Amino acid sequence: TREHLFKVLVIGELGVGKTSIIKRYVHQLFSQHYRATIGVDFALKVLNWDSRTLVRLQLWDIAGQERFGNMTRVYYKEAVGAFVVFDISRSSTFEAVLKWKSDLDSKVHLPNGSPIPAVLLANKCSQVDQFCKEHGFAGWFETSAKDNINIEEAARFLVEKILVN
């Protein structure tokens, strides 16, 4: 029996759906309204990965820093995985993927020198163009926070890659 605490970052340009992905995955919820509240510093999902191992997953929303691109130490500190999110049907946010990925790999990495697993999320529901995964992405998914189409499977894929390390 084992228990794991994994910290993953949800990064991407403004308006792609980073928060909606977290809101859907953790709270089974998708709403349009917003409540300014004082609660938590990040989000938590717990998964019964298998009969012996338990995985606690911290989803860190980049939040305000998304507008600037640079990450603070206290944010990327000790991250073991990452979700790079862009808005499909909008070419402006796919250009910024390379900017977010480069900044990620330079600030945080595995303790053995390798890059952290990163999953590219094409939100808001081309397929031949999976060569972009040559940039260091472990995989990509077509996700939708409104309909909950691939967010579940995209998360298990990241946990799987983290668990190999």
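From 1 onward, residues are counted along the sequence shown.
Participant: Count up the deposited residues without coordinates from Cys125 to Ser126 and drop the result into none, 1 to 3, 4 to 9, or 10 or more.
Facilitator: Per the deposited record, the segment joining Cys125 and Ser126 lacks coordinates for 10 or more residues.
Participant: Check the entry's C-alpha temperature factors for 53-61 and 135-143, then say which stretch has the higher mean.
Facilitator: Mean C-alpha B-factor is greater for 135-143.
Participant: Going by the B-factors listed in the PDB entry, is the mean over the C-alpha atoms higher for 72-80 or for 88-96?
Facilitator: Mean CA B-factor is higher for 88-96.
Participant: Looking at the C-alpha B-factor of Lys7, is it in the lowest, middle or highest third of its chain?
Facilitator: Its C-alpha B-factor belongs to the lowest third of this chain's values.
Participant: Looking at the entry's B-factor column for C-alpha atoms only, identify whether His109 ranks in the lowest, middle or highest third of its chain.
Facilitator: Tercile = middle for this residue's CA B-factor.
Participant: By the record's CA B-factor, is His33 among the lowest, middle or highest third of residues in the chain?
Facilitator: For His33, the deposited C-alpha B-factor lands in the highest third.
Participant: Within this chain, which third does the Cα B-factor at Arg67 fall in: lowest, middle or highest?
Facilitator: Its C-alpha B-factor belongs to the highest third of this chain's values.
Participant: Going by the entry, which third of its chain does the Cα temperature factor of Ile151 land in?
Facilitator: For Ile151, whose C-alpha B-factor we compare with every modelled residue in the chain, the answer is the middle third.
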